[PDB]
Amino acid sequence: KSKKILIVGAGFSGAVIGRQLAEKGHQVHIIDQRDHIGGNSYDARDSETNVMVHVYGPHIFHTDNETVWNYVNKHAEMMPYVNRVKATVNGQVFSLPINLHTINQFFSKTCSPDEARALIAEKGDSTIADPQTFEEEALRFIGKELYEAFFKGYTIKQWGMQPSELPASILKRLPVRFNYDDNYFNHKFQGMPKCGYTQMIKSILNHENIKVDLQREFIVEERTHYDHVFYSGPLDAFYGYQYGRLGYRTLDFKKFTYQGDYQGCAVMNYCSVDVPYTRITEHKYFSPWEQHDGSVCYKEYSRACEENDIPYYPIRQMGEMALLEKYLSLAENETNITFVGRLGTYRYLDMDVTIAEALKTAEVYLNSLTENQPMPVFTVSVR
């Protein structure tokens, strides 16, 4: 049986599920309300500067999953790229994550790894036996000066919450690296597609059994034309926000163009609340194999996600997870639909994880066909 599949969204979730089913002879119809493919991973070349701009913010590919790595290399030339982040705070510029250079610069010292371990131990606040809060966890781990420099201002700005209002769970481990490695991510596989994520997704979408329609919102009535629907849009939006909006932090990007080199790196964090933007990204630095005279940059601002704002980071506190449960109790009673992705399942997901889940979702659907089994509404736990 060649099934008729409707996929809502042409980001990694919809494209990867689409391709897997298309290759098994299914007739896949992919719609997206936006005027372009790629979802939040979409990139485009700026006309004036020819800079490849990460349209919805910096997207760095990283993974320990060799299957996903092999998958993306089939659809893009992946360029070696190891993301390195700088942070401006206290009138100084530091490397992030906190490492031996950070500590030595911060305290004007010359510590070895072992001396730094001892400096950190004696800086840590050993007054609260069992930290319940994120502020006290941070204080226990790294002490006041480091918590206030790198953690407090950034949490307030990024989450709109005092670290005193967050659980100790947020920080399980001492957030210090006791050497001079300054790679931001620890994953085995790290890289940037040579021609960008959009070209990568276009190659994933490049199959005769995939039809793509852009500038087209999903309409609930449509469901009946298909054997199954894969929905990578917001779970709450699917239900008309009938119980209210699931809480997100939204981002605004102020775009500007500089002649030359604005900041000399891809990402600069601004950890103080005295600075209204969280970070500035200089896109050209994501493509070191290219040279550009003009430079497109983003000042990034974080705020509470309102009406018609694009959702970015899911808050997922006790109130949001409770509201979620109301949507899930509807969702789990639906037939012939699977909710997927960052929006469909209300979770922050990396590109590699998204692709991993999409490949599994398709495998689960395909299995449900062979032995005639009922497709689950979720192929991951969402609670």
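Each residue number is its position in the shown sequence, starting from 1.
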Which is higher on average in the deposited entry, the C-alpha temperature factors of 46-54 or of 310-318?
310-318
Going by the B-factors listed in the PDB entry, is the mean over the C-alpha atoms higher for 214-222 or for 99-107?
214-222
In terms of CA temperature factor as recorded, identify the highest of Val85, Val93, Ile280, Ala304.
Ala304
Member of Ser272, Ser232, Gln263, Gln259 with the greatest C-alpha B factor (per the PDB record):
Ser272
Select lowest, middle or highest to describe the third in which the CA B-factor of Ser368 falls within its chain in this entry.
middle
Entry-reported C-alpha B-factor of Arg177 relative to its chain, by third, is lowest
Temperature factor at the Cα of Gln190, chain-ranked in thirds, falls in the middle
By its CA B factor, does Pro276 count among the lowest, middle or highest third of the modelled residues in the chain?
middle
Give the position of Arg245 by CA B-factor within its chain, expressed as the lowest, middle or highest third.
highest
